[PDB]
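Report on the following structure.
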Amino acid sequence: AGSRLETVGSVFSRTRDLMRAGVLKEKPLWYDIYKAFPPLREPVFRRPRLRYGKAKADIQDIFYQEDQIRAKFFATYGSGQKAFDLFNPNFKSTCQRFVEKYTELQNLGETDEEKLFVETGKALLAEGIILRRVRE
Amino acid sequence: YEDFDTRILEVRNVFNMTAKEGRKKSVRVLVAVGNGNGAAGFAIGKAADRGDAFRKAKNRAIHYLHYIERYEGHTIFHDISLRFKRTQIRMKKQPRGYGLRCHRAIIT
Amino acid sequence: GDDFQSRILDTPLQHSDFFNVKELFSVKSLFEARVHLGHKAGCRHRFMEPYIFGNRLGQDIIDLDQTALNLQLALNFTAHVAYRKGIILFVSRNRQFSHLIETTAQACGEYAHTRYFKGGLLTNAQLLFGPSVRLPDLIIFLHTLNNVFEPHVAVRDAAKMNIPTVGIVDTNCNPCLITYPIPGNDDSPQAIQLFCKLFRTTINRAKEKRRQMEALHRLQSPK
Amino acid sequence: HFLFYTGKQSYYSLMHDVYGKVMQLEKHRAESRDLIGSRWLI
Amino acid sequence: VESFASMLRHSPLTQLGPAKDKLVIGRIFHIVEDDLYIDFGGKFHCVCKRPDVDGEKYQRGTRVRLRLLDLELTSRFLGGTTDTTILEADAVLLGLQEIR
Ligand SMILES: [Mg+2]
């Protein structure tokens with residue numbers, strides 16, 4: 001004898017009811033644990049529905065301010081000929097060094113984007129990084 | 001489950017056409033169970049014999065026990081209006097001594 | 001006598017983190033294992049949007065702050081269940097991680113079902129296994145979807161039997177019926193290996209604590 | 001047995017061992033006809 | 001303790017930007033016949049074919065070079081409510097990485 005109705009209430013509420021009913025004489029061992037440390041949300045059934053009309057989701061597109069700089073770098077020089085290593089947690093790519101220098105110049109007070117892009121290219125050239133302005 | 005009582009709500013003789021037997025008959029029984037103390041459930045049992053359909057529904061319904069909240073143990077907490085498919089139900093909370101004034105099935 | 005049994009079973013519930021599961025993981029540790037990587041926006045479930053930090057160029061990112069909070073609760077619940085000698089069943093249908101998940105269950109001392117799930121396993125347990133079969137007290141769903149991209153049958157069937165479920169839910173899954181959802185990446189080997197380690201260390205700590213708690217209280221009875 | 005709830009604890013316990021053996025051989029790295037005139041058990 | 005927001009901003013995957021036609025380093029973790037399963041640091045691995053040249057060199061653990069295309073191959077089809085995903089990434093194997 002139980003409550004095999006998984007669309008009404010939750011395992012805890014249905015277990016609470018079966019004990020009040022008089023059918024379940026011994027508490028389950030997991031019951032008191034749930035009472036003291038319940039989940040953040042109650043596990044109740046909800047039927048998924050489609051959005052209709054003008055309803056829209058609430059997910060923020062993740063765009064940092066560096067992306068404006070990174071977008072220009074990829075369009076002008078492409079991806080650095082050195083290969084990305086996504087296993088090194090502290091990897092510094094050719095593009096990320098460009099963005100670090102572009103930021104440094106911008107802190108000095110340069111306001112023109114054209115000035116910051118050609119000056120950063122010169123600084124990396126002095127560093128020795130091989131930047132190819134590949135229009136192709 | 002001696003504290004639970006079972007009541008029949010419908011007994012129907014449905015038919016399925018089969019090539020071997022032509023018209024074949026099954027007994028579809030709808031039953032409800034309850035302990036008279038807030039816990040109740042229902043199920044449908046189908047079989048070729050009525051006695052078997054009674055057992056199937058009776059033991060199946062004990063697995064679907066709702067717990068119904070009673071105000072002071074004698075009435076619902078508030079008026080309840082709902083439509084289930086094309087059936088409309090309008091329940092009303094009443095004082096003591098009013099008795100059950102409902103569809104015979106609802107009384108059961 | 002009776003006091004000692006009450007002490008063993010009732011004292012653990014008077015502390016917020018009796019087993020100190022907080023130390024096992026950290027937001028940084030989860031980020032190393034790529035637990036914040038979700039499916040593309042097209043594959044998103046509507047009930048997962050609460051847990052999604054955002055969309056990084058089409059790929060949903062899972063907030064690792066909600067994951068840390070939820071994971072703390074799920075590990076805490078899994079430890080108290082293990083402490084009280086409950087049966088824990090690991091369930092997954094991902095075949096890349098089938099051997100790892102079966103190896104974890106064996107290490108913990110618990111049970112794993114990573115194979116084709118027979119209809120009625122829990123709703124018809126007596127017929128399938130025998131009259132007095134004891135069902136699991138907790139089911140941990142490392143994967144909540146089967147290989148046809150549908151909810152694992154045991155999610156609905158475990159609710160029907162009123163069994164709590166600790167499940168790893170990704171951005172394309174349905175967490176509504178999971179008692180303790182853990183939002184996180186379910187596809188990457190580094191994420192699954194981290195979760196398997198956490199559940200195994202947690203379960204072993206809870207079992208060890210029970211032995212120590214019993215020895216201390218038992219010794220007091222003569223002493 | 002940890003695979004009790006699978007319903008075929010002994011079939012899957014055997015398939016667990018043979019899959020683990022295969023992984024160690026594949027990770028770690030002659031004629032295979034060590035036995036002849038033999039059949040797989042029915 | 002660094003916040004998750006900080007970790008994501010400075011993450012190598014966040015720096016990569018769009019993953020189309022980017023160059024990345026992968027590692028072979030599983031080989032089935034002439035099919036190489038390569039982990040390039042993303043959510044899903046890619047599966048490439050063993051090159052004819054230096055085929056014996058591509059063994060498990062070998063670090064290689066790749067040109068990413070998609071991090072996950074997904075597409076909604078006629079009458080579908082969700083995107084169908086094959087749980088796999090798309091990349092073009094370019095060759096072994098020089099250890100240097
Ligand atoms: Mg996934």
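Every chain in the structure tokens has a letter given in the order shown (A, B, ...), and although residue numbers restart at 1 in each chain, ligands are simply numbered from 1 in the order shown.
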
* To do: May I ask you to write as a ChimeraX atom specification all residues lying at most 8 Å from ligand 1, with only C-alpha atoms and all ligand atoms counted?
  => /C:38-39,169-173,185-187 /E:87

* Asked: When DSSP works through the backbone of this structure, what residues of chain E end up as helix (DSSP H, G or I), shown as a list in words?
  ->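 Helix (DSSP H, G or I) members of chain E, listed: residues 4, 5, 6, 7, 8, 9, 12, 13, 14, 15, 16, 55, 56 and 57 of chain E.
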
Would you save the residues from that selection as an mmCIF file, in the first residue's frame, using C-alpha atoms?
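The resulting selection_38.cif:
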data_model
loop_
_atom_site.group_PDB
_atom_site.id
_atom_site.type_symbol
_atom_site.label_atom_id
_atom_site.label_comp_id
_atom_site.auth_asym_id
_atom_site.auth_seq_id
_atom_site.Cartn_x
_atom_site.Cartn_y
_atom_site.Cartn_z
ATOM 1 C CA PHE E 4 33.213 31.944 -10.580
ATOM 2 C CA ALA E 5 32.624 35.130 -12.575
ATOM 3 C CA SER E 6 36.356 35.877 -12.493
ATOM 4 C CA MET E 7 37.240 32.277 -13.371
ATOM 5 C CA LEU E 8 34.986 32.359 -16.433
ATOM 6 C CA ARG E 9 36.285 35.715 -17.675
ATOM 7 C CA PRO E 12 41.126 29.675 -21.771
ATOM 8 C CA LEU E 13 37.781 28.732 -23.326
ATOM 9 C CA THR E 14 36.465 32.274 -22.855
ATOM 10 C CA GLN E 15 39.631 33.646 -24.465
ATOM 11 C CA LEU E 16 39.253 31.353 -27.481
ATOM 12 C CA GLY E 55 50.040 6.435 -38.781
ATOM 13 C CA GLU E 56 52.008 4.537 -36.141
ATOM 14 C CA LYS E 57 52.897 7.800 -34.378
#

* To do: Pick out the residues sitting within 7 Å of segment 142-148 of chain C, and hand them over as a ChimeraX atom specification; count only C-alpha atoms, and ignore anything fewer than 6 positions along from it in its own chain.
  => /C:91-94,167-169,186

Grab the residues selected above and save them as a PDB file, in the first residue's frame with N, CA, C and O atoms.
ATOM      1  N   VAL C  91      22.916   4.846 -10.901  1.00  0.00           N
ATOM      2  CA  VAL C  91      22.206   4.553 -12.139  1.00  0.00           C
ATOM      3  C   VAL C  91      22.706   5.489 -13.227  1.00  0.00           C
ATOM      4  O   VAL C  91      22.766   6.706 -13.028  1.00  0.00           O
ATOM      5  N   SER C  92      23.065   4.918 -14.371  1.00  0.00           N
ATOM      6  CA  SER C  92      23.452   5.691 -15.540  1.00  0.00           C
ATOM      7  C   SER C  92      23.318   4.796 -16.759  1.00  0.00           C
ATOM      8  O   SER C  92      23.416   3.574 -16.654  1.00  0.00           O
ATOM      9  N   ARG C  93      23.085   5.412 -17.917  1.00  0.00           N
ATOM     10  CA  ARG C  93      23.026   4.680 -19.175  1.00  0.00           C
ATOM     11  C   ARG C  93      24.092   5.136 -20.159  1.00  0.00           C
ATOM     12  O   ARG C  93      24.095   4.678 -21.308  1.00  0.00           O
ATOM     13  N   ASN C  94      24.990   6.027 -19.749  1.00  0.00           N
ATOM     14  CA  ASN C  94      26.096   6.422 -20.608  1.00  0.00           C
ATOM     15  C   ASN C  94      27.127   5.302 -20.627  1.00  0.00           C
ATOM     16  O   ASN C  94      27.647   4.911 -19.578  1.00  0.00           O
ATOM     17  N   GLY C 167      20.499  13.384  -8.488  1.00  0.00           N
ATOM     18  CA  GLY C 167      20.836  13.270  -9.892  1.00  0.00           C
ATOM     19  C   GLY C 167      21.625  14.454 -10.407  1.00  0.00           C
ATOM     20  O   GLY C 167      21.399  15.598 -10.018  1.00  0.00           O
ATOM     21  N   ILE C 168      22.553  14.158 -11.313  1.00  0.00           N
ATOM     22  CA  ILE C 168      23.305  15.181 -12.030  1.00  0.00           C
ATOM     23  C   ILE C 168      22.470  15.595 -13.231  1.00  0.00           C
ATOM     24  O   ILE C 168      22.176  14.772 -14.104  1.00  0.00           O
ATOM     25  N   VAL C 169      22.088  16.865 -13.282  1.00  0.00           N
ATOM     26  CA  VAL C 169      21.212  17.381 -14.324  1.00  0.00           C
ATOM     27  C   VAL C 169      21.989  18.403 -15.137  1.00  0.00           C
ATOM     28  O   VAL C 169      22.652  19.279 -14.573  1.00  0.00           O
ATOM     29  N   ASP C 186      27.506  16.665 -17.549  1.00  0.00           N
ATOM     30  CA  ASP C 186      27.395  15.215 -17.454  1.00  0.00           C
ATOM     31  C   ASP C 186      28.139  14.465 -18.551  1.00  0.00           C
ATOM     32  O   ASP C 186      28.228  13.235 -18.481  1.00  0.00           O
TER      33      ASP C 186
END

* To do: Write out as a PyMOL selection string the residues lying within 8 Å of segment 192-203 of chain C, counting only C-alpha atoms and excluding same-chain residues fewer than 3 positions away.
  => chain C and resi 21+24-25+30+33+75+78-79+82-83+97+100-101+104-105+107-108+142+185-189+206-207

* Compile the contact shell of segment 18-30 of chain A as an MDAnalysis selection string: residues with an atom at most 10 Å away, counting only C-alpha atoms, same-chain residues fewer than 5 positions apart removed. => (chainID A and resid 1:3 12:13 35) or (chainID B and resid 1 3:4 34:40 62 65:68) or (chainID C and resid 77:78 80:82 84:86 137:138 162:164)

Report the closest atom pair, with its distance in Å rounded to one decimal, for each residue of chain A that has an atom no farther than 7 Å from chain C; count only C-alpha atoms, sort by chain and then rising residue number, and write it as a Markdown table.
| residue | atom | partner | partner_atom | distance |
| --- | --- | --- | --- | --- |
| A:3 | CA | C:160 | CA | 6.9 |
| A:4 | CA | C:160 | CA | 4.2 |
| A:5 | CA | C:160 | CA | 5.9 |
| A:6 | CA | C:160 | CA | 5.2 |
| A:11 | CA | C:162 | CA | 4.6 |
| A:30 | CA | C:81 | CA | 6.2 |
| A:33 | CA | C:80 | CA | 6.7 |
| A:36 | CA | C:13 | CA | 6.7 |
| A:39 | CA | C:180 | CA | 5.8 |
| A:43 | CA | C:179 | CA | 5.2 |
| A:44 | CA | C:176 | CA | 6.1 |
| A:45 | CA | C:176 | CA | 5.6 |
| A:46 | CA | C:176 | CA | 6.5 |
| A:59 | CA | C:54 | CA | 5.2 |
| A:60 | CA | C:54 | CA | 4.9 |
| A:61 | CA | C:55 | CA | 4.9 |
| A:62 | CA | C:56 | CA | 4.9 |

* Asked: Got a sec to tell me which of segment 13-194 of chain C DSSP assigns to strand (DSSP E), as an MDAnalysis selection string?
  -> chainID C and resid 37:40 52:56 59:62 88:91 111:113 138:141 165:169 180:183

Output for the residues just chosen: C-alpha atoms as an mmCIF file, in the first residue's frame:
data_model
loop_
_atom_site.group_PDB
_atom_site.id
_atom_site.type_symbol
_atom_site.label_atom_id
_atom_site.label_comp_id
_atom_site.auth_asym_id
_atom_site.auth_seq_id
_atom_site.Cartn_x
_atom_site.Cartn_y
_atom_site.Cartn_z
ATOM 1 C CA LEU C 37 29.944 23.430 -19.548
ATOM 2 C CA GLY C 38 26.455 22.831 -20.921
ATOM 3 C CA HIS C 39 24.843 21.902 -24.211
ATOM 4 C CA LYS C 40 24.062 24.423 -26.927
ATOM 5 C CA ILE C 52 22.272 28.602 -16.212
ATOM 6 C CA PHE C 53 24.747 31.438 -15.681
ATOM 7 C CA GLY C 54 24.468 32.495 -19.316
ATOM 8 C CA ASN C 55 25.130 31.737 -22.974
ATOM 9 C CA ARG C 56 28.773 32.052 -24.081
ATOM 10 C CA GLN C 59 27.064 27.252 -25.245
ATOM 11 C CA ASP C 60 25.089 27.544 -22.024
ATOM 12 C CA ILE C 61 27.270 28.050 -18.952
ATOM 13 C CA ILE C 62 26.132 26.569 -15.644
ATOM 14 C CA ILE C 88 22.401 3.440 -2.459
ATOM 15 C CA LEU C 89 22.068 2.542 -6.143
ATOM 16 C CA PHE C 90 24.061 4.350 -8.825
ATOM 17 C CA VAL C 91 22.206 4.553 -12.139
ATOM 18 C CA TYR C 111 25.211 -0.888 -5.915
ATOM 19 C CA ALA C 112 25.233 0.090 -9.579
ATOM 20 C CA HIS C 113 22.794 -0.506 -12.430
ATOM 21 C CA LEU C 138 18.487 6.286 -2.519
ATOM 22 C CA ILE C 139 19.193 6.318 -6.263
ATOM 23 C CA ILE C 140 22.024 8.502 -7.573
ATOM 24 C CA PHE C 141 21.539 9.362 -11.260
ATOM 25 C CA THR C 165 16.950 10.645 -6.050
ATOM 26 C CA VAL C 166 20.251 12.544 -6.209
ATOM 27 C CA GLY C 167 20.836 13.270 -9.892
ATOM 28 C CA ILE C 168 23.305 15.181 -12.030
ATOM 29 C CA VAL C 169 21.212 17.381 -14.324
ATOM 30 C CA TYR C 180 18.355 16.755 -4.960
ATOM 31 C CA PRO C 181 19.355 18.082 -8.398
ATOM 32 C CA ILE C 182 23.024 18.863 -8.988
ATOM 33 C CA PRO C 183 23.341 21.196 -11.994
#

* Could you list, as an NGL selection string, every residue of chain B that has an atom within 12 Å of an atom of chain C, counting only C-alpha atoms? -> :B and (60 or 63-65)
